[PDB]
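One structure is given here, and the rest of the page talks about it.
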Amino acid sequence: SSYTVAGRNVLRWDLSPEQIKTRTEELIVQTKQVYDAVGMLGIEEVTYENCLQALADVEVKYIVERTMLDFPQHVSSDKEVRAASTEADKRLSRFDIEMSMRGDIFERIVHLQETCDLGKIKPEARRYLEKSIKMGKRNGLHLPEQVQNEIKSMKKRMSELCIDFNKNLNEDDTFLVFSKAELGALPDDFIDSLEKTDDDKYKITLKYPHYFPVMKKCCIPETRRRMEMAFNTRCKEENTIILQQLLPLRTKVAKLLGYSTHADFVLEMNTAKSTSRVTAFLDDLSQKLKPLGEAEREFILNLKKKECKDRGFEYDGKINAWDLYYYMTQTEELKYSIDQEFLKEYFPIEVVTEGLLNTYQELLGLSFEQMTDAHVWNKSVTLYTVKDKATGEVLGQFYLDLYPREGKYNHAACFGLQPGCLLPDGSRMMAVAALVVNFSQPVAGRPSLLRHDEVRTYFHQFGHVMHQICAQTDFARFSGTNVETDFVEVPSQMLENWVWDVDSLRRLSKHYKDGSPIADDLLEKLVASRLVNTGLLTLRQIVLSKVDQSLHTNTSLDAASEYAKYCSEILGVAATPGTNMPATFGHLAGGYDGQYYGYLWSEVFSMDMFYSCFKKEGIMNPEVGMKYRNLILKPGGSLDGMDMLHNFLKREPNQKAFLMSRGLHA
Ligand SMILES: [Cl-]
Ligand SMILES: [Zn+2]
């Protein structure tokens, strides 16, 4: 039933290494049986029930079983279960490539479109049919069989390269060792948490909770230099080898499919449509931010000269990559009176989580209840059940996995586990999501204290959770977050706006000892500090967006060189010789390849919506929140992104709101 919880979460995290391997093969047997059945049908005999429905039914069954097999590599504490899940993921990705490239299925899907009365099927059924054919042509099934086989050969190779690129980064355990003197100006609560080694020194990993606090706060520039050198050479040798194979393969395949470049190939499936529009979007936006960057660079450089004079260090006359976060943090302290180590005392994990959940219950018309003694992949992970408030309909569940450990995904993300789609049964399948982040854990009496950007990250991922859960579609491939890649960061970045509002921030905050609120004064300063460093922060995102495009267009260019070019030309902060940032750039192997612009692309749509509707009619208004839920979250990828923006805005979007959020004009 669509009004109940029990029996609707089919997922299990019991699995032994043998159980993953055996179920991978079983799943392939069961799924291939359906594709064989559809392929065996005569061309004249195919119909909705035995071809279209049969494939869509098995897609649901496949995707659900697959996430019990491919997800444990990201969250299990057992190393052997992670490797089995990894090897399962590689196998199943080769299986996907085989089924996607079957000419007999593609032949029958095309025949069904010409002969079937397209007006009698649902609009999303027409979409399934149009997209399935589009995929077929994008997999080269219109080309000769000898070309198809070559394309297949390279796609299997590219899959394994992509999986190896990210595995190398998650499995990395590079550390550096420093004395107490070398970690100067880092707080005691940071340094006491670190592991002591021989010769009374401390161990610093290159993880996000270690790296950024050192680069932000450490006052010894040699320490910052060594940490940045280490961070931007993680997996250098092995992932440089991967990129040198990966990028030319992407080109070679794209050219065989009839595209000039790989960037052109991916852009066709995005709201931006074409690489010309992306290049124009980034160059135009780079131009507008240029004066902000020039001003921010000049203030930072003056500030360095003062600190170098005061502390008596040598002054090299430039902003190095290792100086960038340090003086950006310091600019925030001087201009907005914000100490992030003071401010986090007001954001304890329990108070933030409660505040976050209360915010979006009210806004989106939902009810969350935590489940007790829930089946989970770790003791520290919790499970919540999402209900519609008015109807009482059970929309989905989400897991919260907030704390770091050995083997876990290093970065912030949201994973789709179950789609919110129709079954063969006729009933609705319950959506399931996992919020994955890395904030400190409670030590003794001191609880987990969140910095403001950690709260924002928490809100970011919860935007993906709500998208995954509120999305109700007929078919599995359109459900949840399966939208255009350059649209998928609309719902996530949207929710970040509630972390820059005074009323919302007061609702999210409480001091951990005495329970006092943040001062009215300091809340104004926090909301006003949104603009601080915005030039260089946005300019860095343009560098990455530009690099990502360049590496997927002209693929006879050195990746590190290309990064250093845009670093100097756009950001005005040089990449340090010997470091290759692209080799660490996990988005290039995690499905944002040629699509990293999508963050900035989406932020235009998120700000335009936030300013035009939410900020006008009150940011906690249920009618606007329900209008957002129904028009943006609910359809999933069953409609185009730009149509879903049109339905909400009643017009095409524009950059006015985005530009106002940066402090510009048009
Ligand atoms: Cl052949
Ligand atoms: Zn995101």
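We name chains A, B, ... following the order of the structure tokens; residues begin at 1 in each chain, and ligands are numbered from 1 as shown.
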- prompt: Taking only C-alpha atoms and all ligand atoms into account, which residues are within 6 Å of ligand 2, as a PyMOL selection string?
  reply: chain A and resi 461+489+492
How about saving the chosen residues, C-alpha atoms kept, as a PDB file, in the first residue's frame?
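Wrote it out as part.pdb, contents follow:
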```pdb
ATOM      1  CA  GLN A 461      22.731  17.264   0.618  1.00  0.00           C
ATOM      2  CA  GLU A 489      22.228  20.810  -8.370  1.00  0.00           C
ATOM      3  CA  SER A 492      20.566  21.113  -3.425  1.00  0.00           C
TER       4      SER A 492
END
```
Can you write out as CSV which residues of chain A fall within 12 Å of ligand 1, alongside each residue's closest atom pair and its distance in Å to one decimal, counting only C-alpha atoms and all ligand atoms and ordering rows by chain and ascending residue number?
```
residue,atom,partner,partner_atom_place_in_ligand_line,distance
A:144,CA,ligand 1,1 (Cl),9.0
A:145,CA,ligand 1,1 (Cl),6.2
A:146,CA,ligand 1,1 (Cl),3.9
A:147,CA,ligand 1,1 (Cl),7.4
A:148,CA,ligand 1,1 (Cl),8.1
A:149,CA,ligand 1,1 (Cl),6.0
A:150,CA,ligand 1,1 (Cl),7.8
A:151,CA,ligand 1,1 (Cl),10.8
A:152,CA,ligand 1,1 (Cl),10.8
A:153,CA,ligand 1,1 (Cl),10.8
```
Generate a file of the selected residues that holds N, CA and C atoms, formatted as a PDB file, in the first residue's frame.
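Just written: result-v8.pdb:
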```pdb
ATOM      1  N   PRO A 144      27.573   0.277 -38.147  1.00  0.00           N
ATOM      2  CA  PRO A 144      27.893  -1.137 -38.398  1.00  0.00           C
ATOM      3  C   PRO A 144      28.363  -1.898 -37.154  1.00  0.00           C
ATOM      4  N   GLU A 145      28.106  -3.206 -37.138  1.00  0.00           N
ATOM      5  CA  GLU A 145      28.430  -4.079 -36.000  1.00  0.00           C
ATOM      6  C   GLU A 145      29.904  -4.053 -35.580  1.00  0.00           C
ATOM      7  N   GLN A 146      30.820  -3.968 -36.545  1.00  0.00           N
ATOM      8  CA  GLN A 146      32.259  -3.861 -36.229  1.00  0.00           C
ATOM      9  C   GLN A 146      32.626  -2.569 -35.497  1.00  0.00           C
ATOM     10  N   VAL A 147      31.867  -1.502 -35.740  1.00  0.00           N
ATOM     11  CA  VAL A 147      32.042  -0.240 -35.021  1.00  0.00           C
ATOM     12  C   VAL A 147      31.403  -0.346 -33.639  1.00  0.00           C
ATOM     13  N   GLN A 148      30.214  -0.948 -33.570  1.00  0.00           N
ATOM     14  CA  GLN A 148      29.531  -1.193 -32.289  1.00  0.00           C
ATOM     15  C   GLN A 148      30.412  -1.934 -31.292  1.00  0.00           C
ATOM     16  N   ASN A 149      31.091  -2.979 -31.770  1.00  0.00           N
ATOM     17  CA  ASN A 149      31.990  -3.788 -30.938  1.00  0.00           C
ATOM     18  C   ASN A 149      33.179  -2.984 -30.427  1.00  0.00           C
ATOM     19  N   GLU A 150      33.746  -2.139 -31.284  1.00  0.00           N
ATOM     20  CA  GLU A 150      34.820  -1.239 -30.860  1.00  0.00           C
ATOM     21  C   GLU A 150      34.353  -0.272 -29.777  1.00  0.00           C
ATOM     22  N   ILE A 151      33.167   0.300 -29.974  1.00  0.00           N
ATOM     23  CA  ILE A 151      32.570   1.222 -29.008  1.00  0.00           C
ATOM     24  C   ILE A 151      32.348   0.509 -27.671  1.00  0.00           C
ATOM     25  N   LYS A 152      31.811  -0.709 -27.736  1.00  0.00           N
ATOM     26  CA  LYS A 152      31.623  -1.561 -26.555  1.00  0.00           C
ATOM     27  C   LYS A 152      32.939  -1.828 -25.828  1.00  0.00           C
ATOM     28  N   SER A 153      33.977  -2.154 -26.597  1.00  0.00           N
ATOM     29  CA  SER A 153      35.289  -2.479 -26.045  1.00  0.00           C
ATOM     30  C   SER A 153      35.842  -1.319 -25.233  1.00  0.00           C
TER      31      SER A 153
END
```
Per residue of segment 51-133 of chain A within 9 Å of segment 161-177 of chain A, note the shortest atom pair and the distance in Å to one decimal, counting only C-alpha atoms, and order the rows by chain and increasing residue number, as a Markdown table.
```
| residue | atom | partner | partner_atom | distance |
| --- | --- | --- | --- | --- |
| A:74 | CA | A:170 | CA | 8.7 |
| A:86 | CA | A:163 | CA | 8.0 |
| A:89 | CA | A:163 | CA | 8.4 |
| A:90 | CA | A:163 | CA | 7.3 |
```
Write out as a compact mmCIF listing (two decimals) with N, CA and C atoms, in the first residue's frame the residues lying within 12 Å of residue 199 of chain A, counting only C-alpha atoms and excluding same-chain residues fewer than 6 positions away.
```txt
# COMPACT_ATOMS: atom_id res chain seq x y z
N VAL A 177 53.71 14.53 8.89
CA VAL A 177 54.01 14.64 10.32
C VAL A 177 54.59 16.02 10.64
N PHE A 178 54.07 16.63 11.70
CA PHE A 178 54.48 17.97 12.14
C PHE A 178 54.62 18.04 13.66
N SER A 179 55.47 18.95 14.12
CA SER A 179 55.58 19.28 15.54
C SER A 179 54.48 20.27 15.94
N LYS A 180 54.36 20.52 17.25
CA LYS A 180 53.41 21.51 17.79
C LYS A 180 53.73 22.92 17.29
```
message: Based on the backbone DSSP call, show me all residues of segment 398-568 of chain A assigned strand (DSSP E or B), as a count of residues only.
response: 21
Any chance you could tabulate, as a Markdown table, the residues of segment 342-362 of chain A at most 12 Å from segment 464-481 of chain A with each one's nearest atom pair and distance in Å to one decimal, using only C-alpha atoms, in chain and rising number order?
```
| residue | atom | partner | partner_atom | distance |
| --- | --- | --- | --- | --- |
| A:356 | CA | A:466 | CA | 11.9 |
| A:357 | CA | A:466 | CA | 10.8 |
| A:360 | CA | A:466 | CA | 8.8 |
| A:361 | CA | A:466 | CA | 10.4 |
```
message: Can you tell me which residues surround segment 29-32 of chain A at a distance of at most 10 Å, considering only C-alpha atoms, apart from same-chain residues fewer than 2 positions away, and format the answer as a PyMOL selection string?
response: chain A and resi 23-27+34-38+55+58-59+61-62+95+98-99
query: Given the choices A:193, A:18, A:321, A:579, which gets closest to residue 441 of chain A if the distance is worked out from only C-alpha atoms?
result: A:193
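Put simply, atom CA of residue 125 of chain A is 16.0 Å away from atom CA of residue 106 of chain A.
Using only C-alpha atoms, the shortest contact distance between residue 355 of chain A and any of A:323, A:422, A:385, A:504 is found at A:504.
One distance worth recording is that between atom CA of residue 292 of chain A and atom CA of residue 338 of chain A, which is 20.9 Å.
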task: List the neighbours of segment 559-567 of chain A out to 8 Å using only C-alpha atoms; skip same-chain residues closer than 5 positions along the sequence, and give me the result as a PyMOL selection string.
output: chain A and resi 540+543-544+546-547+550-551+572-575+579-582
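Comparing A:3, A:377, A:399, A:459 by their smallest distance to residue 435 of chain A, the closest is A:399 (using only C-alpha atoms).
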Residues of segment 257-339 of chain A that have any atom at most 9 Å from an atom of segment 239-253 of chain A: could you tabulate them with the shortest-distance atom pair and the distance in Å to one decimal, using only C-alpha atoms, ordered by chain and increasing number, as a tab-separated table?
```
residue	atom	partner	partner_atom	distance
A:257	CA	A:253	CA	6.2
A:258	CA	A:253	CA	8.7
A:259	CA	A:251	CA	8.7
A:260	CA	A:251	CA	8.0
A:261	CA	A:251	CA	5.6
A:262	CA	A:251	CA	5.2
A:263	CA	A:251	CA	8.8
```
Export of the given selection (N, CA and C atoms) as a short mmCIF file (atom, residue, chain, number, x, y, z; two decimals), in the first residue's frame:
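Produced file result-v2.cif, reproduced below:
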```
data_model
loop_
_atom_site.label_atom_id
_atom_site.label_comp_id
_atom_site.auth_asym_id
_atom_site.auth_seq_id
_atom_site.Cartn_x
_atom_site.Cartn_y
_atom_site.Cartn_z
N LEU A 257 30.79 8.14 -32.76
CA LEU A 257 29.35 8.41 -32.65
C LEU A 257 28.88 9.64 -33.45
N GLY A 258 29.81 10.39 -34.05
CA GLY A 258 29.50 11.53 -34.91
C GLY A 258 29.61 12.92 -34.28
N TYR A 259 30.23 13.00 -33.10
CA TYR A 259 30.41 14.25 -32.37
C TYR A 259 31.85 14.71 -32.53
N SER A 260 32.07 16.03 -32.54
CA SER A 260 33.42 16.59 -32.68
C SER A 260 34.28 16.30 -31.46
N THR A 261 33.66 16.40 -30.29
CA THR A 261 34.35 16.21 -29.02
C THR A 261 33.43 15.51 -28.04
N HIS A 262 34.02 15.09 -26.93
CA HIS A 262 33.26 14.48 -25.84
C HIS A 262 32.38 15.50 -25.11
N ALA A 263 32.84 16.74 -24.99
CA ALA A 263 32.02 17.81 -24.40
C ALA A 263 30.71 18.01 -25.16
#
```
query: segment 187-403 of chain A: which residues are alpha helix (DSSP H) by DSSP, as a PyMOL selection string?
result: chain A and resi 188-193+208-217+221-231+236-256+262-267+275-311+324-336+340-343+349-364
